[PDB]
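Residue numbers (the authors' numbering), protein chains in the order written: chain L, 9 to 79, 85 to 98, 104 to 158, 166 to 192; chain Z, 449 to 576; chain P, 239 to 326, 334 to 476; chain S, 536 to 594; chain A, 769 to 788, 817 to 829; chain D, 2 to 334, 353 to 512; chain X, 2 to 261, 269 to 358; chain V, 321 to 384. No residue lacks a Cβ here, since even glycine has one placed at the ideal position from N, Cα and C. Okay, so here's the structure we're looking at.
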Amino acid sequence: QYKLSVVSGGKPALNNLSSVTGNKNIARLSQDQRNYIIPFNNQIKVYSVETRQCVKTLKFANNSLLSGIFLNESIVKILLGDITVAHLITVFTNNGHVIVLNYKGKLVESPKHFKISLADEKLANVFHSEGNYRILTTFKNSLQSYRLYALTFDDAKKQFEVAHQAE
Amino acid sequence: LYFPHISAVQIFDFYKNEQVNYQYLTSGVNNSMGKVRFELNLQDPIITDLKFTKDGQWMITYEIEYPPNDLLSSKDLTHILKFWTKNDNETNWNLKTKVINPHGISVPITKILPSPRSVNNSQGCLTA
Amino acid sequence: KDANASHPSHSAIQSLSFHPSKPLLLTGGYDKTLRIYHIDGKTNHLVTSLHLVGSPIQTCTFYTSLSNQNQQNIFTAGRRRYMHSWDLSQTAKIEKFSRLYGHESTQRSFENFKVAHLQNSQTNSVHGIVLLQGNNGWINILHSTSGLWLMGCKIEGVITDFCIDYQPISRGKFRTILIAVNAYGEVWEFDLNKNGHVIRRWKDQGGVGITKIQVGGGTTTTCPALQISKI
Amino acid sequence: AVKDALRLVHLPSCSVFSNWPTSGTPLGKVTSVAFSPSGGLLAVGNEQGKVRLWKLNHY
Amino acid sequence: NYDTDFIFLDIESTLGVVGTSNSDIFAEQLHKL
Amino acid sequence: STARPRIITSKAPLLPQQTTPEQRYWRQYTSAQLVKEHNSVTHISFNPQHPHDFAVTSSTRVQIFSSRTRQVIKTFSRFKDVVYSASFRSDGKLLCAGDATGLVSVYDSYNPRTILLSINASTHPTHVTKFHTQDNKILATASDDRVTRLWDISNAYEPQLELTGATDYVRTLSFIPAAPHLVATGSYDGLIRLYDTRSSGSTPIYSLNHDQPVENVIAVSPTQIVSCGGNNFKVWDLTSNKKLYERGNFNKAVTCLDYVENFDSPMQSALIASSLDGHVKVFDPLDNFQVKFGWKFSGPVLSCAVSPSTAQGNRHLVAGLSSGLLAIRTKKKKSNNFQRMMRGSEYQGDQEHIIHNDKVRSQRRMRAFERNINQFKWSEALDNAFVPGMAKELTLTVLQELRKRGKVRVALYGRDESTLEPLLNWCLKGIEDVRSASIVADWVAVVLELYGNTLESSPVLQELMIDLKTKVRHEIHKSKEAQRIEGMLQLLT
Amino acid sequence: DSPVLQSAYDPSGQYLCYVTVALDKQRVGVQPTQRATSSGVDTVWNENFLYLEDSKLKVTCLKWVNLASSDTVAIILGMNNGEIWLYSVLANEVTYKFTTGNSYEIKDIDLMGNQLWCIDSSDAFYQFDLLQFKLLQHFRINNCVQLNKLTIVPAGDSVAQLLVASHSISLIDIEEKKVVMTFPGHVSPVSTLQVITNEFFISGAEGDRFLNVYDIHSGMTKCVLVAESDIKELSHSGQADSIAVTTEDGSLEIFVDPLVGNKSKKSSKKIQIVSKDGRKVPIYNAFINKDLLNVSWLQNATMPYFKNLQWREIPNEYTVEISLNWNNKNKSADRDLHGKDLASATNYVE
Amino acid sequence: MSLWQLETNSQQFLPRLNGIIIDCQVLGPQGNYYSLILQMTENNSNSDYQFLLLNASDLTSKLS
RNA sequence: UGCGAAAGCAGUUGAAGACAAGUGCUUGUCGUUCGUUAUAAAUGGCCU
Ligand SMILES: [Mg+2]
């Protein structure tokens, strides 16, 4: 007769790392600068700046991969477009799952899920300038140590390879 | 959905899953200045209870104002009760009456119960 | 056929401007209205009008960013302490500039202004600058979009008028030179690409009571460029 | 200042044009002037609120 | 809630609820431009 | 971002007998001129039309007072013996008056020389002469002959109708609005007799018992008639023919009564009733005729009137006294070439497609003390609190705001005896009132804790504390008394 | 009185081509009449235009090349230079330029498959082949002193005779190069000469409120259709099922079964556009296929808009109501009614 | 929020924000938008973040 | 800190490691740990 279901959203997600400051924000503004993508704890919202309304919601519960992955892991970054390859985004979570989703449309039930290889490392941040990608990750006085790898996607193996650059 | 935030009420629409409003329902240093160092120890009034009449036009609030520290009057909490009203189209509640120290001095208003529809056509309440 | 027959103006036509590419004409006046007309030469109907309550219109101009040609905007000012910008139809996106970032003393009215293109050479990006007239020889230079205060330029005596010139350097490089004149006739020439530093001074022979200064034969507010190679 | 106070100058001859404007041309107190980027249109506003438009056949 | 359903709030601030053809190509090319 | 809150003036809980919106309007009848007349002013009336000059009957003369000037503009002295009324006609063109001789004279208002019609109503005195409100031509007359003849201006030789039946002096005639046929008269018999002119007449349709001699009868509304007699006034309903209300606040015998409706007051309708005790008080018909205001005058009040509904200018309240004193209270109510150069400011964008307004409304200028709090000038905000001619309520705030901000010690650091005296002097006065007693208790404690040493070496401050110590002690005694009374009451209940 | 000098629907009725002047130069543009495509993607304004680089140059007649017949959607434009241009809308460029030896302006053009016909101010006919890009023949017929219009009869899959018009109308055979019949036309020059069906072509003239329906085989006026005001543009439905005329005063009139007292028939359904405030918006073109009627009107100055309506259910006199900006209070999405920033928290005021 | 002008060491202010500013950034090719994170430290029970996006032209909340 | 009424009724504020300064000793410190329910003070104040 009765049934239980989640309805609303929740607090916005943050880069809950004491060491990093000035990078606590993980939301991004589209390349065309017409909509803002904000990750929550339980969903990802896309708001249209011009109209100030929520044009799209990508709920973790609905999709299978997102439900398994996030429902603890959190989005450590969002990159506009897709690295492997016009409304695509790539979500990097702390454990290492890299998920290619689409806003402005209907979410596809099989996103191009991948997994970076990390050995006892918690991914902290990722970033790029021009087709070049570097990932910063934490390994372990109560002070964590950091490592900087170089990330590239190889088409033949369709895998993310990490090469050590700095410590 | 009405959230009694400290010194304020946040009105949130869960059908649309957004906030609609954020109104300060107390006096106190709320947004007049940014508290820093010792001023940060001040405690703004706290909305303990908030309730609506059945008809839905009247808003009852109960607030506790905390005196500052290190004064003679630093142990006499002030209990305030307020009645607000608004039309459906409007989005800001307007304060209509204010009772200072109901039931006596320093005696809390633990409970508020708006009246049923029969008595005064839902324009009443009980305080305990 | 006269342009204003389609919809008359109730006050003087304080400023006129032709859109850089489209066939549109903008008029303003102390009527506090912004009328845009579609000049065909035979009908000249009214595209739109915009009433700015309590903002007497002293000068207006279209603005098209030199890089992102899709960007179109209208800057308007008056004998007031705030400037309006209209980005380009149910509603209008109008922005109000009313912050000078610590130089409110030098600028108590925006009524005189002009818009030009500045190339930040260390990054090779190009943006818009809105130039203003101060109290005593002060020329304020604002970022067109963000509204930030970039630099300020000073001359001796009462500033009367100024005009903007572009000087190409190489492929994709151009410098903005701000020419200002005093009521007596001294002409300064600032280089806005080197922090507003004077580069040359001269006098207009037999100049007294100078009122307006203008340049022509190339790019300018009236004949704007559409790409860097056209400067 | 005064009505019909407008003149056009050829360059680099710097010789003012003689045929236009004439006594009968309507200009009023010219208070704003604007050239079109192309097509050689000339719009001249006046204190009465009228923007009278001319065409330069050469362009 | 005053309809049949009930709402509840989680410390994750999550409000759950308990309750009972050449023309066709031409159109595409035109839209692309 | 948000605009700064405006500092909220303190408001202590409402005390009894607050100013009501009815009182606030009626207190604006400020300007008072007392004029003296030879004899008692018996009757007062207002011209129904602009400029609404009002006529006063005194001794053998009638005087018309201009509304704006408040001075005599016309004088009618032809009357040989005393005059008893000055009612205007509905149009306001004519003025009718009576005499002790009994003749009724109709003059053209604003032309005292011309007499239009003279009627010998009766050999006895003719006290009341009123025109009919609905119909212009028919004029009514009341005599001590106890017959209220109904005159016609066209035919003066014989009355159109002659109502009778009263066994005592008739001094009150009223015409009911919307029922022109009906006529209402009141006698000192204690009976209000209602007659119908459409019928044969001469016998009342029915009588209403007032139980005391009736001094004036006024038709408040088409269905209600209020009559003031003896020590009370009672409102009657004709449909039911019974009294809806009666009010006995008055002490002396009410004498005159007037009614006004639909004027710019908060109270829609007002009933002013003379007292003969020097009082003329206002009653509200929408509220079961409850009092809302009153004035007191030197002697008994024999006539009252208020300016008509369509005053179209400064309103007037007029009262008449038996000593002859007349009391008036009034509620007072470049170059062308340049202009062409700037002709656009008038435009409000009625023909434009889009109207865009961003100007923020002008806020009231903020006082000096608020400027100092907003700029975080704690100490100066305290000084501004105690300045000469500073309203008490405003001062109490800037003490409260500083305490609420948590800046009490901070505002009292850089101070000596020269600059501490003003604070204590206020505190010397603030300690008395109940509202500021708690706040002064707080500040006084701090300055002691912070200026104990300074106090010893300064003799002036020492006196300030002795005087303060005296008055705080006196306050203890008052509060202690209040407790004993409070305990005393609980015993009774 | 209208900025749109010349307009023309495509055969399907989905795309409208209109020419208008920008400063001293004419520009040609093509825009999608339907609100939304079949795929459901919303139609958008087409900013691409073709600018005539010469001020003197002007577009005299425009004709659509049928979308289905040819791979590339194209529009043929006649110009006052005396040369005809083939315009492919996608490339936004004139693909090929048909030039006649003479310089006189083209007064009319019409097309059937490969056959392309034009007439000049010198009263000379011409032929052209789209595929081969050549001038086949050019000839001048006697007793044709003006030729304001041209239409090639829809006979089989070849052109066997042509309809040409001046103050009077004429029918000519290609092979014999001589007139066949002459019809009494209008007093003023003929404006529209569209062929409704076999042996029935309608005629209208500049500054005239009447249309004559002429039989090709016989030559008697079958009927005279009457408009409330002058006639500017014409479109017929199916085979004489219904006729839509764009009147000069800005109203659209519909004749229902005009080919069925009888001699002079009046329009049955009259359509008009009026904005909410009260201003009337004139209509400058229309198209009617089976039961859908398309009405195009100009907003702003040259921004064309469109609406699709089912004329069958429409009452006799029907006025569409459109929202046009007028004294519109500008509401910015980041302010409330009182201009306060939406993010701001409302203050406490006793 | 304080914008320090480093040329002349001056400053411009955006005061009375809803909470203390945990983070600031300039987000755009021409610095069109300022992105802020607010905390609302009043609620000591929970960390109540609010994300603001301000238009740099007039310092007004483009998206809250 | 626990309980409670708001008043109060009971109970806490320990130990290690490391660094700095003065002279192995003394004091102060902790973006170090274990365990227990467990003054401030860089001249530094809020736009149009
Ligand atoms: Mg003259």
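Beta-carbon gap between residue i and residue j smaller than 8 Å
{"i": "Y268/P", "j": "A250/P", "result": "yes"}
{"i": "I45/D", "j": "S310/D", "result": "no"}
{"i": "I77/X", "j": "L68/X", "result": "no"}
{"i": "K37/D", "j": "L421/D", "result": "no"}
{"i": "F80/D", "j": "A56/D", "result": "no"}
{"i": "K590/S", "j": "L562/S", "result": "no"}
{"i": "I273/D", "j": "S228/D", "result": "no"}
{"i": "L164/D", "j": "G202/D", "result": "yes"}
{"i": "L323/V", "j": "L37/L", "result": "no"}
{"i": "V14/L", "j": "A69/L", "result": "yes"}
Residue-level contact to chain S via CB, residue i, 8 Å cutoff
{"i": "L24/X", "result": "yes"}
Contact with chain V by residue i, beta-carbon distance below 8 Å
{"i": "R380/D", "result": "no"}
{"i": "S391/P", "result": "yes"}
{"i": "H372/P", "result": "yes"}
Residue i CB to nearest heavy atom of ligand 1 below 7 Å
{"i": "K538/S", "result": "yes"}
Minimum Cβ-Cβ distance from residue i to chain Z less than 8 Å
{"i": "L783/A", "result": "yes"}
{"i": "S13/L", "result": "no"}
Cross-strand partners of residue i (DSSP beta bridge)
{"i": "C408/P", "result": "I424/P"}
{"i": "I255/X", "result": "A245/X and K277/X"}
Short CB-CB distance (under 8 Å) between residue i and chain P
{"i": "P572/S", "result": "yes"}
Closer than 8 Å to chain D by CB, residue i
{"i": "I553/Z", "result": "no"}
{"i": "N308/X", "result": "no"}
Residue i at chain A interface by Cβ criterion, 8 Å
{"i": "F462/Z", "result": "yes"}
{"i": "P155/X", "result": "no"}
Practice task
With 8 Å as the limit, tell me which residues of the region 459 to 486 of chain D have their beta carbon closer than that to any beta carbon of chain Z; keep them in chain order.
Solution key: The region 459 to 486 of chain D vs chain Z, Cβ under 8 Å: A460, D461, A464 and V465.
Problem - Residues from the region 336 to 347 of chain P in contact with chain V, defined by Cβ distance under 8 Å - result: If the cut-off is 8 Å between Cβ atoms, the region 336 to 347 of chain P has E340, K341, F342, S343, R344, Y346 and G347 near chain V.
Handout entry: Near-chain V residues of the region 346 to 358 of chain X (beta-carbon distance less than 9 Å), N- to C-terminal order
Key = Contact annotation: in the region 346 to 358 of chain X, residues whose CB is within less than 9 Å of a CB in chain V are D349, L350, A351, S352 and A353.
Exercise for the section: Please name the residues in the region 372 to 384 of chain V whose beta-carbon is closer than 7 Å to at least one beta-carbon of chain X, in chain order. Expected result: Look at the region 372 to 384 of chain V: the residues with a C-beta under 7 Å from a C-beta of chain X are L372, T380, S381, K382 and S384.
Exercise for the section: Give the residues from the region 39 to 70 of chain L that approach chain V closer than 8 Å (Cβ to any Cβ), ordered along the chain. Expected result: The region 39 to 70 of chain L vs chain V, Cβ under 8 Å: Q41, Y44, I46, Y55, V57 and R60.
Practice task
Give, in chain order, every residue of the region 769 to 783 of chain A whose Cβ lies closer than 7 Å to some Cβ of chain L.
Solution key: Of all residues in the region 769 to 783 of chain A, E780, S781, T782 and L783 have a Cβ within less than 7 Å of some Cβ in chain L.
Practice task
Pull out every residue of the region 425 to 437 of chain D whose Cβ sits closer than 7 Å to any Cβ of chain Z, in chain order.
Solution key: Listed by position along the chain: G425 and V427.
Practice task
Scan the region 261 to 272 of chain P for residues whose Cβ lies nearer than 7 Å to a Cβ of chain D and list them as they occur along the chain.
Solution key: Residues of the region 261 to 272 of chain P with a Cβ closer than 7 Å to any Cβ of chain D, in chain order: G267, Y268, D269, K270 and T271.
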